[PDB]
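Below are two forms of the same protein chain, given as structure tokens: structure 1, then structure 2.
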Structure 1
């Protein structure tokens, strides 16, 4: 008779009903919208170790929910394989990802956010954020990641808009795809020749051209790569914003001394924890966890939020306090699955929020609390429309 909660309490996030299911059914049973039964974990350490158990992988029956489906045995998406197929992709790509690398694009991520703003304020209007800033950056961040060039960014921003979201036609969606990959291969072939030092560059030269880089396979992952970031951060940005945006104290601290958003972005990431439902893992075996053991071959997701607001982790978890000692959160992943992406997802996230309140201080909502609208369509969380001016 059981369900998994939207909730989201709204305001801000996210625990919903979980307070009860955190203290008590620490592993309670709950139906998925597909009415397949499965298991759900809500206590910080439960959520984490559970996550990096030896025996927990992704694959065939019976995980997640998307109507549909344990089908397909869609190949790849390697973000739902266990090892040794999944690892050889994950690692195929880490060396690129890293930090020494990620803090490097510090000037180009800055650059880009700045140039996108240049227009924000130039076409003026009381405009929607999510669509306008929020997405804009996100994509373009990832452009800067994959070496995507000059301003064939709308060559790009477009097959994103189309391909990804709401309504097609299937053919004319499938047509979007056509470009994205005309684009990619464009590049995939181009960096074989004059290889720059970006993500196609990394994947092509080191791995591709001499390894099990099979140009079937690249585009695949480059696919799975863009799909990491467009929706998930855009999410974390425009929500993070709306938080700040309606609770002035928060900008406050962040202005007295702007050496914060780092701590802030970690803190928001935790507290917003929009990444909630990680995959879901089928339990490889029976597994002890606060003793209630999870049956061999069952569905078990790990609620990132539930865990992110567990007091066993850190005191007073609702409070968006920025000067916490202790916030080894995991709005990102835990264990060999964890968000490879997140080093970006931080520069994405600070340069984005940072500047919003540098260059455009107190913009405000065009809309009203009572017509702001939160997306809920993917499990990764976000907002449909956010409406502002300055």
Structure 2
């Protein structure tokens, strides 16, 4: 019988053991999604790049072969799906709209603003003390806070409002109250959107409002939709990397020891931590417009395929000793942010966010240790991007 795709990984810090077999044996294996439908899954680095790189592959959720892992997920085509699940002139229309907002030069500038926000998060968290959940306390704190800097949301006036709404917005509580929260988040944005319309600053909203909304390229509804979309793409995952990356540093003290000895590696370490952890893994799902050949096998057309970044980012044909977190890796051409047209737009921020968030903690909370018992750590079992759900830490007062 075709194997059920989603595999619970035993080791948090690495790809599921099944993958190695998949690379060597089944490069293009057939699996059964939780919806009991079938799809193909690619585990090889070189194949993942050709597969995502190929223009014979589409990200349309409308295709009935789409590999949705959710029951009504595929029924997004009948409805209006987000732009990240489209291809053609549609996909490029929004993605290419917000690229100038995310360039390296733009991100290099927020380096001081991003630092200050992170330090503030540390002060309060440091002042209060007590064992606290890093995932809630820090990882998310930075994530949410950094998006405000990019988005243009006022910090003090808001942030608190905003921090909570996102949390409520996604979760398993108050089925009726979600409407209330999304209304808050959306109401907040609308005001900013409208406000920037008059006398706008250097934010994504400003860039979008005065570059596309004002000349009529996007309807106000449209601008709002994407703004919300990028928040989802950049929140759950970024916080997941900080919390998960942080456990690895705690589990192996040999590693942060290196960072302290050489603080220059930090940017390099952020990249290695991305490939070794490979939090996204199953995120990019695509369908074959016409048959595509990879390795020995070929996937028929109109069939759903999933590119496993975790399988790719651990492939030894690319990474010598891929299971060793070597901060000195000679060749880190990882795909943690995907490959191709749909490659992450926030990679630069995620990196600056990750570097600033991780460094500042090692420096500011050196004493930091894990308050909860190890082996008691809880890894999300219901997520798109693998991550921890609770982490408890303390430090010397």
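Here the rigid core means the biggest group of C-alpha atoms that line up within 1.5 Å when the two forms are laid on top of each other. Residue numbers count along the first chain shown, from 1.
Student: If you fit the rigid core between structure 1 and structure 2, which of 112, 86, 157, 191 ends up with a C-alpha shift of 2 Å or more?
Tutor: It is 157.
Student: Would you say whether residue 99 is displaced between structure 1 and structure 2, judging by a C-alpha shift of 2 Å or more on the superposed rigid core?
Tutor: For residue 99, whose C-alpha is compared between structure 1 and structure 2 after core superposition, the shift is less than 2 Å.
Student: Is residue 74 among the residues whose Cα moves by 2 Å or more between structure 1 and structure 2 after superposition of the rigid core?
Tutor: It does, since the residue 74 C-alpha is displaced 2 Å or more between structure 1 and structure 2 after the core fit.
Student: When the rigid core is used for the superposition, does residue 61 move between structure 1 and structure 2 (threshold: C-alpha shift of 2 Å or more)?
Tutor: Yes, because once the rigid core is superposed, the C-alpha of residue 61 moves 2 Å or more between structure 1 and structure 2.
Student: How much does the C-alpha of residue 291 shift between structure 1 and structure 2, in angstrom, given a rigid core superposition?
Tutor: On core superposition, this C-alpha lies 3.1 Å from its counterpart.
Student: How many Å does the Cα of residue 380 travel between structure 1 and structure 2 when the structures are matched on their rigid core?
Tutor: Comparing the two forms, residue 380 shifts 0.7 Å at C-alpha.
Student: Superpose the two forms on the rigid core and tell me the Cα shift of residue 11 between structure 1 and structure 2 in angstrom.
Tutor: Between its two positions, the C-alpha of residue 11 lies 4.3 Å apart after core fitting.
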